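Numbers restart at 1 for each chain; the letters A, B, ... are given by sequence-line order, proteins then strands. Side chains are part of it too, since the values below use all heavy atoms of this structure and drop only hydrogens, waters and symmetry mates.
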Amino acid sequence: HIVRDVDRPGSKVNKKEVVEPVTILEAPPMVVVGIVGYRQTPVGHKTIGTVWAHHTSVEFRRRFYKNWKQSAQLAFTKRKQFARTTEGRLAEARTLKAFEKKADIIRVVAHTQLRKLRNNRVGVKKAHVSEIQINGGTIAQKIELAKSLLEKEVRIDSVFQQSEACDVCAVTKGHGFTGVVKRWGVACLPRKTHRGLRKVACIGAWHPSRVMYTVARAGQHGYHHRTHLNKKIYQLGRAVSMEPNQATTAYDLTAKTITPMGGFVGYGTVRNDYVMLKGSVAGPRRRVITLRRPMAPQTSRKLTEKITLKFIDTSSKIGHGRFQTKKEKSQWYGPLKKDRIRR
Amino acid sequence: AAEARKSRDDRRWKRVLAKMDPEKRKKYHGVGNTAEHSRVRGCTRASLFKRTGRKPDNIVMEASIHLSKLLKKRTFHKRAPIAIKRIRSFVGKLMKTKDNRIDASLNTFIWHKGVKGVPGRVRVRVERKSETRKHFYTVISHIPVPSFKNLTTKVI
RNA sequence: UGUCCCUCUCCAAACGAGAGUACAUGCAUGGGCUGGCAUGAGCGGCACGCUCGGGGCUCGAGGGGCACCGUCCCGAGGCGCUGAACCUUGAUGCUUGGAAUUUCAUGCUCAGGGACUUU
RNA sequence: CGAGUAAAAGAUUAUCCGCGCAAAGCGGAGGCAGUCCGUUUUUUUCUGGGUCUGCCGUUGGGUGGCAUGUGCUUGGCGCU
RNA sequence: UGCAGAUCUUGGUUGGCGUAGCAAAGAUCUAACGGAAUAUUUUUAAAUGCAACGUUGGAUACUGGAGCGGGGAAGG
Ligand SMILES: [Mg+2]
Ligand SMILES: [Mg+2]
Ligand SMILES: [Mg+2]
Ligand SMILES: [Mg+2]
Ligand SMILES: [Mg+2]
Ligand SMILES: [Mg+2]
Ligand SMILES: [Mg+2]
Ligand code: NA
Ligand code: NA
């Protein structure tokens, strides 16, 4: 959580301090490896073709195998032998000509870098692959941007801006098989109920002589895909290796990083770029989440407000943390018994 | 055919990264392989494991087992019998054996605080023997210690 | 050439299914960190103890009992060594890649085994 | 074995590519020897060296960019 | 003296079905011996013989004298 000053004329908190919980997400730079184009038909959009980069990393090619270390690792080997030849160059020009002539949508294939995100608890080593649409400009200009981006890194600060809103797509936490009370929120039954009270008393009338789809039943709860709207961006931080004073504001001059004392529980340390979103996001820790540019109009006073952080909390999330930094804790306690042994 | 000795990319990268070490100010904290309290960059840790022959049939090993992490929120009247099974599987996996004798000294120590009071930590002595294909088996015994601090696995 | 089973992990999980890993700081053990409780056993009473080789410190008890005045003993509790001692990842906290008169260090793997793919 | 593309555009999709409107029109293309088959238009293959680009995997070398242990861009060497 | 049914009579067979279950009286562990019940492979050790039984020694725990103690009547 953080502390900030709000600017909202006519409100009771105008020019006053508030406390807001936030969510921290680690964002290593992505790599662009492909270009795809789409054309419109009376039955929907159809892919035209794909242009691949000449050099791809091992973490990208790990995705196309179930047992990478015990395989022949032959993916993309034939294409590498042909792409840069005279015939290969001609074939690539033919595909790019088709994109210019008859495409409607231009997208780029990108993947994450789990090697740079050196997390001890995230076990997956094969990269996550997805498509990102390119908006703005004519079709020719879209293709020009995609070619310049091929085989290069993209940092999150070049996509989003601070004090902007965004949309979150994620899968929620799972709960397995669940009863109607938790799954749907129905009311419990009196205490004297024979055969149990955590149920729905009547599941239908005599006619129609079947159960309808609108009646609550027991089943799977959680692990669903959801899309949530209008999450403001409170900070776009950079990697701790470059600038260590991540959590230092103009009103709190203490030098500290964004990782709390003792580390995030079950995750560890944040070692790369990161984004601070106001509120909560779906899913547990360590899960991969997609952020996209807003869909709803962004013209309200709440959406256009400028955010200026004043204080950032870094106490331990294990127990009741009461020290902001390691130096603060070692100032409260004097020299302990172990330190006496050392000296 | 699956030899693939290679080990060359490590050679190339280490000679390269040494080449542009000359800078006005280096920074680049760990990029140079000269660093303290750090891993060796460019290769896996398992590549540095010393490979010898197969160990002899007759060996003796001293090891500690953290039992409280294996018995958490377990049903009370099952803790002592479960701990016996966990110790057997712990040792058997290490020694690649299915015959593991428990011996009275270790069995008494596990049960010496009742069925629901299994001690959190234990130190054991494991000896592997063979007799007559050949048959391998293990004998596990108790090693009383005053404290468990600063104790690590040893091979005699 | 590939997929699955056995062995390993948990963002998943009634069983199937899933996310993963395939000698990997992977697993185990220990050390630090961060937290929880609240000051262990043993010994001791103006020093030959504790604290800041030599110099400055500081050191209880309501009562009771032997032995011709002190000395020797029994006594809940209290004080010193002592923010000591113990626990801290396991259905599953951090740390071997920011820096730091200190944060990580050892041990085990030794051609993985099996089924199918008419390819 | 019962053959219909929300595909292309031609010696009936064969007999090369690039630009161009299913235009007008304008550009580029290695050569030599056998063999083996062949109802002609420089006939099909398979073979052999001599060879020249683009390009692999390389021997090392130096310039450099990227978030900095992992791969790239350079620039030569001898190798298909 | 001719059968398809009488909630027909007597035998046999049958889906349901390897299903519903076999959940009061707290609880077993270990080594040696016994046993045909193993340490069972040809096509190094683990990933190809599992699971379970009695006696003795040791450990743990229950009954708790209105006892899963020691004797009788009725009944057997
Ligand atoms: Mg009732
Ligand atoms: Mg907490
Ligand atoms: Mg009849
Ligand atoms: Mg059953
Ligand atoms: Mg029942
Ligand atoms: Mg009782
Ligand atoms: Mg009792
Ligand atoms: Na009832
Ligand atoms: Na009785």
### Task
Starting at the 5' end of nucleotides 15-28 of chain D, put B wherever the base has a protein heavy atom under 4.0 Å, S where only the sugar-phosphate does, and a dash everywhere else.
--SSSS--------
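- Contacts classified as salt bridge (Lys or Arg N to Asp or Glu O under 4.0 Å) and involving residues 134-143 of chain B (residues at least two apart or in different chains) are given here: B/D57-B/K134.
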### Task
Could you encode protein contacts along nucleotides 63-68 of chain D as a string, one character per nucleotide from 5' to 3', using B for base contact, S for sugar-phosphate-only contact and - for no contact, with a heavy-atom cut-off of under 4.0 Å?
---SBB
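- Between D/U43 and D/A7 there is no base pair of the Watson-Crick or G-U wobble kind with both donor-acceptor distances below 3.5 Å.
- Side chain of B/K72, nearest nucleotide from C/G90, E/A45, C/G31: C/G90.
- Dashed line: the shortest gap from a side-chain N or O of B/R133 to OP1 or OP2 of E/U44 is under 4.0 Å.
- Under the side-chain contact (heavy atoms from CB on, under 4.5 Å) criterion, A/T257 pairs with A/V240, A/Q246, A/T259, sequence neighbours left out.
- In the interface, the side chain of B/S68 is paired with the base of C/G90 through a donor and an acceptor atom under 3.5 Å apart.
- Adjacent nucleotides D/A22 and D/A23 fail the stacking criterion: their six-membered base rings are not both under 5.5 Å apart at the centres and under 30° between the planes.
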### Base versus backbone protein contacts along nucleotides 54-59 of chain D [heavy-atom cut-off under 4.0 Å; B, S, -]
BSSSSS
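- Legend: unstacked base step between D/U42 and D/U43; six-membered ring centres and planes not within 5.5 Å and 30° respectively.
- Nucleotides C/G42 and C/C81 satisfy the base-pair criterion: a Watson-Crick or G-U wobble arrangement whose two donor-acceptor distances both fall under 3.5 Å.
- Among residues two or more places apart in sequence or in another chain, the side-chain hydrogen bond (donor to acceptor under 3.5 Å, both in side chains) test is passed with A/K126 by none.
- Distance check, rounded to the nearest 0.5 Å: CG of A/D252 to CD of A/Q324 gives 8.0 Å.
- Closest-nucleotide positions on RNA chain C for A/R118 and A/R322 were compared, and the one nearer the 5' end corresponds to A/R322.
- With its glycosidic angle more than 90° from 0, E/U30 is assigned anti.
- For A/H45, there are no ring pair (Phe, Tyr, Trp, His ring centres under 6.0 Å) partners two or more places apart in sequence or in a different chain.
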Check: residues 147-156 of chain B side-chain donor-acceptor pairs under 3.5 Å, at least two apart:
residue: B/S147; atom: OG; partner: B/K149; partner atom: N; Å: 3.1

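- E/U40 shows a glycosidic angle within 90° of 0 and is accordingly assigned syn.
- The ring-ring contact (aromatic ring centres under 6.0 Å, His included) pairs that include a residue from residues 89-127 of chain B are B/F109-B/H112, B/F109-B/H142, where partners are two or more places apart or lie in different chains.
- Ranked by how close their nearest RNA chain C nucleotide is to the 5' end, A/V124 and B/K154 are led by A/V124.
- When the side-chain contact (heavy atoms from CB on, under 4.5 Å) test is applied to B/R79, the partners found at least two apart in sequence or on another chain are B/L71, B/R74, B/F76, B/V118.
- Side-chain atoms of A/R342 and base atoms of C/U102 include a donor and an acceptor less than 3.5 Å apart.
- Every residue meeting the side-chain contact (heavy atoms from CB on, under 4.5 Å) condition with A/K199, not counting sequence neighbours, appears here in chain and number order: A/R195.
- In C/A84 the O4'-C1'-N dihedral to the base is within 90° of 0, which defines a syn nucleotide.
- Base orientation of C/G16: syn (glycosidic angle within 90° of 0).
- Under the 3.5 Å cutoff applied to both distances, D/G62 and D/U74 qualify as a Watson-Crick or G-U wobble pair.
- Taking the P atoms as reference points, C/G80 lies 32 Å from C/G65, given to the whole Å.
- Base stacking between strand neighbours E/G64 and E/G65 is not detected by the criterion of six-membered ring centres within less than 5.5 Å and interplanar angle below 30°.
- Figure legend. E/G21 is base-paired to no nucleotide; pairs are counted as Watson-Crick or G-U wobble with both atom distances under 3.5 Å.
- Look at A/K317 and you won't find any side-chain N or O under 4.0 angstrom from OP1 or OP2 of C/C33.
- With hydrogens and angles ignored, no donor-acceptor pair under 3.5 angstrom links the side chain of A/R286 to the base of C/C11.
- Among B/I59, B/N58, B/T138, the one residue that satisfies the side chain to side chain contact (heavy atoms under 4.5 Å, CB included) test with B/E127 is B/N58.
- Partners of A/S280 by side-chain contact (heavy atoms from CB on, under 4.5 Å), not counting sequence neighbours: none found.
- Between D/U63 and D/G71, the two key atom distances do not both fall under 3.5 Å in a Watson-Crick or G-U wobble layout, so no such pair is counted.
- For C/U7 and C/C8, a centre-to-centre distance below 5.5 angstrom together with a plane angle below 30 degrees is not found for the six-membered base rings.
- Entry note: C/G93 and C/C33 meet the pairing test, Watson-Crick or G-U wobble at under 3.5 angstrom for both distances.
- Neighbouring bases E/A47 and E/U48 form no stack, their six-membered rings failing the under 5.5 angstrom centre or under 30 degree plane limit.
- In this structure, the nucleotide among C/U7, D/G69, C/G35 sitting nearest to the side chain of B/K93 is C/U7.
- Between C/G30 and C/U34 there is no base pair of the Watson-Crick or G-U wobble kind with both donor-acceptor distances below 3.5 Å.
- With salt bridges taken as basic N to acidic carboxylate O contacts below 4.0 Å, none links A/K337 and A/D339.
- Remark: the B/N33 side chain and the D/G69 base include a donor-acceptor N/O pair separated by less than 3.5 Å.
- Base orientation of C/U95: anti, the glycosidic angle falling outside 90° of 0.
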